[PDB]
Amino acid sequence: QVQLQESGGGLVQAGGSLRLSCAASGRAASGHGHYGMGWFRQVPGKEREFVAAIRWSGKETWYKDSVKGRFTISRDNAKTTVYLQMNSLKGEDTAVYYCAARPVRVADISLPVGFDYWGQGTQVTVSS
Ligand SMILES: [Cu+2]
Ligand SMILES: [Cu+2]
């Protein structure tokens, strides 16, 4: 199974920058050996939402409208690592972020589906 471990979340202020990293190890259960990645956030009193996603190759990414501009999702050169660069935090952003691996290819990556493995969660609080 794909072991996902995140870190980098914590205390900041509105207009700052913060960077979350998601390490990945182990083989997967489905597919031919690959997997796409994505980030989700849990906000108190609201349902879980899909915030960013990247195809296994990096040919295309997807962002939720309210983060486009400000957030970017990438993967470094040797890879198991996924990053989420958060710039110009607004306070609404305030929540617990999660990274998840998708073992089987999907036609539309804006879709919340196929995420078999989940990381543990990092609280991000934006004070004013
Ligand atoms: Cu390969
Ligand atoms: Cu593939």
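For residues that are part of a loop (DSSP other than H, G, I, E, B) and under 14 Å from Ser127 (Cα atoms), scanning just the range 11-35, find the one that is nearest to ligand 1 (Cβ to nearest atom).
Per the stated criteria, the residue is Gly16.
Yes/no matrix, rows are residues, columns are (1) closer than 26 Å to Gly45 by Cα; (2) in contact (Cβ under 8 Å) with a residue 24 or more places away in the chain; (3) under 14 Å from the mean Cα position of the chain (by Cα):
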| residue | (1), (2), (3) |
| --- | --- |
| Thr72 | yes, no, yes |
| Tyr83 | no, yes, yes |
| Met86 | yes, yes, yes |
| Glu92 | yes, yes, no |
| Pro112 | yes, yes, yes |
| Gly121 | yes, yes, yes |
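Which of the following residues is of a type outside the set (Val, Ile, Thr), surrounded by 13 or more Cβ atoms within 10 Å (Cβ to Cβ), over 19 Å from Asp116 (Cα atoms) and away from ligand 1 (no atom under 16 Å from the Cβ): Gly69, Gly8, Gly45, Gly38?
Being of a type outside the set (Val, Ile, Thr), surrounded by 13 or more Cβ atoms within 10 Å (Cβ to Cβ), over 19 Å from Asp116 (Cα atoms) and away from ligand 1 (no atom under 16 Å from the Cβ) holds for just one of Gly69, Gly8, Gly45, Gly38, which is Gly8.
What's the total number of residues in the range 39-60 that are more than 11 Å from the chain's Cα centre (by Cα) and within 16 Å of ligand 2 (Cβ to nearest atom)?
Counting residues in the range 39-60 that are more than 11 Å from the chain's Cα centre (by Cα) and within 16 Å of ligand 2 (Cβ to nearest atom) gives 6.
Return the residues of the range 11-32 that are closer than 13 Å to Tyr97 by Cα and surrounded by fewer than 18 Cβ atoms within 10 Å (Cβ to Cβ); say none if nothing qualifies.
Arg19, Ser21 - these are the residues of the range 11-32 that are closer than 13 Å to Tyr97 by Cα and surrounded by fewer than 18 Cβ atoms within 10 Å (Cβ to Cβ).
Is it the case, given these coordinates, that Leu89 is buried (at least 19 other Cβ atoms within 10 Å of the Cβ), assigned to a loop (DSSP other than H, G, I, E, B), away from ligand 2 (no atom under 16 Å from the Cβ) and not hydroxyl-bearing (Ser, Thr, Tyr)?
yes
Counting neighbours? That spans all protein chains shown, and the Cβs are built from the backbone with ideal geometry, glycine included. Quick note: the coordinates plus some simple rules give every number you see, no bench work behind them.
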